[PDB]
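Under this note's numbering, the first residue of the sequence shown is numbered 72, with each subsequent residue one higher. Just so it is clear, CB atoms sit at the ideal spot from N, CA and C, and this is done for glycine as well. Structure record follows, encoded as structure tokens.
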Amino acid sequence: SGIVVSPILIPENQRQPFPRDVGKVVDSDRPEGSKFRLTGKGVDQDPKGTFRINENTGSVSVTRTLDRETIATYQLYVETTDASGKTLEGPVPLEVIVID
């Protein structure tokens with residue numbers, strides 16, 4: 072029944088400690104054993120490691136303070152996979168806006 076996403080808003084210049092949770096992806100009618108994987112510019116592509124997703128919960132987090140004037144929006148991708156890493160759903164786009 073598939074991945075449901077809504078655009079994620081992050082205020083620029085967040086304070087530490089990081090990471091901090093900023094949004095949540097949901098898998099409708101989620102299969103047992105399913106896990107979340109996040110990819111894209113800001114995750115596995117420059118600037119790397121800016122965002123993460125919790126493989127269990129779909130909660131998306133940011134790992135550092137951001138500046139809208141550096142990058143104002145990210146297009147990430149999320150999928151669900153089995154324990155082995157084999158894709159079950161997606162990848163689908165997930166949008167993030169850095170708010171000034």
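Cβ distance (whole Å) where residue i is taken to contact residue j below 8 Å
i, j, result
"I74", "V167", "The Cβ separation is near 15 Å, so there is no contact."
"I170", "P82", "5 Å"
"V97", "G129", "6 Å"
Opening and closing residue of the beta strand (DSSP E) in which residue i lies
i, result
"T151", "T144 to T152"
"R123", "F122 to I124"
"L80", "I79 to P82"
"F107", "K106 to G111"
"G73", "Run containing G73: none; DSSP gives neither H nor E here."
"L165", "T158 to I170"
C-beta atoms of residue i and residue j nearer than 9 Å
i, j, result
"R108", "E140", "no"
"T152", "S105", "yes"
DSSP beta-bridge partners of residue i
i, result
"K119", "According to DSSP, which records beta bridges pairwise, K119 is partnered with nothing at all."
Same chain, Cβ closer than 6 Å to residue i, neighbours up to 5 away in sequence not counted
i, result
"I124", "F107, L109 and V131"
"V76", "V96 and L165"
Any C-beta of chain B under 9 Å from that of residue i
i, result
"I142", "No chain B is part of this structure, which consists of one protein chain only."
Own chain partners of residue i with C-beta closer than 7 Å, once the 5 adjacent residues on each side are dropped
i, result
"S72", "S99 and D100"
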